[PDB]
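All remarks here apply to the structure that follows.
Number of protein chains: 2
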Amino acid sequence: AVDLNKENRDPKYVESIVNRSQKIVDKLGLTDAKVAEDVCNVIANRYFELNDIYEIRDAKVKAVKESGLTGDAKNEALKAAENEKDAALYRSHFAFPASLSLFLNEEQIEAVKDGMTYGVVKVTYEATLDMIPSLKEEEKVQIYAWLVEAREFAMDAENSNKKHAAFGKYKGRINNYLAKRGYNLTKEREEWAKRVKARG
Amino acid sequence: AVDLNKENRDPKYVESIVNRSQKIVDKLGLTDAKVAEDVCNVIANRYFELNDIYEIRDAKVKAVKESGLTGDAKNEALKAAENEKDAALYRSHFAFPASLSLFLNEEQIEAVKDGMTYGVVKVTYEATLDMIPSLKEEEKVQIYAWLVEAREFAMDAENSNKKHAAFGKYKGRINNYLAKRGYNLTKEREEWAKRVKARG
Numbered sequence: 020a021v022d023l024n025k026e027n028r029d030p031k032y033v034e035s036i037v038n039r040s041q042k043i044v045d046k047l048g049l050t051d052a053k054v055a056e057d058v059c060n061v062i063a064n065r066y067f068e069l070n071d072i073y074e075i076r077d078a079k080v081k082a083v084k085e086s087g088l089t090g091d092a093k094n095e096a097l098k099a100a101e102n103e104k105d106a107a108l109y110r111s112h113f114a115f116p117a118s119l120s121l122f123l124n125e126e127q128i129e130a131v132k133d134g135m136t137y138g139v140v141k142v143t144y145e146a147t148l149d150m151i152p153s154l155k156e157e158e159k160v161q162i163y164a165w166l167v168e169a170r171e172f173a174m175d176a177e178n179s180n181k182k183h184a185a186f187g188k189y190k191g192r193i194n195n196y197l198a199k200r201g202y203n204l205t206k207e208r209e210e211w212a213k214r215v216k217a218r219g
Numbered sequence: 020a021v022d023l024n025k026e027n028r029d030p031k032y033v034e035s036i037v038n039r040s041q042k043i044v045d046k047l048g049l050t051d052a053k054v055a056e057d058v059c060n061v062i063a064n065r066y067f068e069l070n071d072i073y074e075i076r077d078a079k080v081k082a083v084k085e086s087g088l089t090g091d092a093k094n095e096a097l098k099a100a101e102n103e104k105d106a107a108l109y110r111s112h113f114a115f116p117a118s119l120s121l122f123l124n125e126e127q128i129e130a131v132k133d134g135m136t137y138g139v140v141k142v143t144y145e146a147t148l149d150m151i152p153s154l155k156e157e158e159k160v161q162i163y164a165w166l167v168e169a170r171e172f173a174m175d176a177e178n179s180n181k182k183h184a185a186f187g188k189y190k191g192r193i194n195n196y197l198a199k200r201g202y203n204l205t206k207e208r209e210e211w212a213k214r215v216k217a218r219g
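Here the protein sequences line up with chains A and A', keeping their order. A prime marks a further copy of an entry chain.
Here the entry's author numbering is used: the first sequence runs in plain steps of one and ends on residue 219.
Here the entry's author numbering is used: the second sequence runs in plain steps of one and ends on residue 219.
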């Protein structure tokens, strides 16, 4: 079985992660209830693993801010805490889909990544296509590639806010790309507003 | 087009990376020659990007070793250089398959990852199954999952030696797993030797 890594954690926190993980698994509609429990625990354990990494990051950052360090000494110490955090994300990133692949196919693994990132890939992709119906095939492919990338970082983020901000950076990249390719995004939005009304 | 990031690099080094990248692409048998050139440059550029990251890591490590620092001061400085390196790998890891996905399907992206890691996934998987014909399905799935994980790290390694050592760590993990599940690996190897001879 996959055990839930709940030892020495606040029960209210454990419960919140278990229920969050269960809701993601429910959407998969798995027919084997034991497999569904194992999947649920792999997901819950990743949430806890990420929490522990950010707790260390925050403790380091607080100690630096409260220390004497002042200039580049300070800022380099802060950057070093962030690098330590990213190195922990890197070292544990690929183990998560490896564990899920014991139980799930590639499509289900993607549904789990979407569940953890609030389905922002699909929502953003469809909204972009709705607002710019003239997009070339190659543009749709590039836009979709950057949203998939964004999701790899967002699934590792600390909380809902940081997840949305991670997608925000790639959405900015999408906009710069479209403008560089001659699209007038202000105008595209005006015409979409009009399409929305006429569509009624 | 994808441009090759060759500016200000030694031409002999550039040529070595271009030829290495070309050999990987040749194995794909792509029918569109312009697409094959773009793919070749995305691969070459990843080699250069990795090289630059390790050059910074090595320069930092050398300066620490040559400095006054001695105890935990020294060792923490060394660990901080390694964390900076891992953070650069993390930040650029997901951009590589995003770029390849502009040109390639998922099967071809996997062939590129295999090309960069000397096909060690398939070789190791098949050898393991050849040496232990009694493996359970669930064991084959676990073994394969760890080799896929290993490949994500190996493709980011500095050179051939470090690639083989990365797979070596996961092969050690495979062995510990099989022994924990009651397999006697010394005996399995003896019987395989005998199977190899009788197989003639």
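Note that the Cβ used here is the ideal one computed from N, Cα and C, for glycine as well.
In terms of beta-carbon proximity, residue 51 of chain A stays away from the interface with chain A', with every pair separated by 8 angstroms or more. Shown here, residue 63 of chain A sits in a helix according to DSSP, grouped into three states. With respect to the C-alpha of residue 174 of chain A, the residue from A:65, A:37 and A:35 having the closest C-alpha is A:65.
Here the alpha carbons of residue 42 of chain A and residue 35 of chain A stand approximately 11 angstroms from one another. With fewer than 16 neighbouring CB atoms inside 10 Å of its own CB, residue 45 of chain A' falls in the exposed class.
In this structure, residue 119 of chain A' places its C-beta atom within 8 angstroms of the C-beta atom of residue 61 of chain A'.
Listed along chain A', the residues sitting closer than 7 angstroms to residue 171 of chain A by beta-carbon distance are 113. Identification of chain A residues near residue 211 of chain A' by a Cβ-Cβ cut-off of 9 angstroms yields none; the smallest Cβ-Cβ distance measures about 26 angstroms. Residue 71 of chain A' and residue 49 of chain A have their C-alpha atoms roughly 45 angstroms apart. Counted as a single uninterrupted DSSP element, the alpha helix (DSSP H) harbouring residue 111 of chain A' occupies residues 91-112.
Residue burial is scored here from C-beta neighbours: residue 216 of chain A has fewer than 16 other C-beta atoms within 10 angstroms and is therefore classed as exposed.
Residues of chain A with a Cβ closer than 7 angstroms to the Cβ of residue 108 of chain A' are, in chain order, 109.
Put simply, the region 96-114 of chain A' touches the region 101-119 of chain A. At least three CB pairs are less than 8 angstroms apart. Distance from the Cα of residue 172 of chain A' is smallest, within the candidate group A':143, A':144, A':208 and A':132, for A':132. Of the residues assessed, residue 26 of chain A' falls on the exposed side of the cut-off, its CB having fewer than 16 other CB atoms within 10 angstroms. Burial check for residue 117 of chain A': the Cβ neighbour count within 10 Å reaches 16 or more, so the residue is buried.
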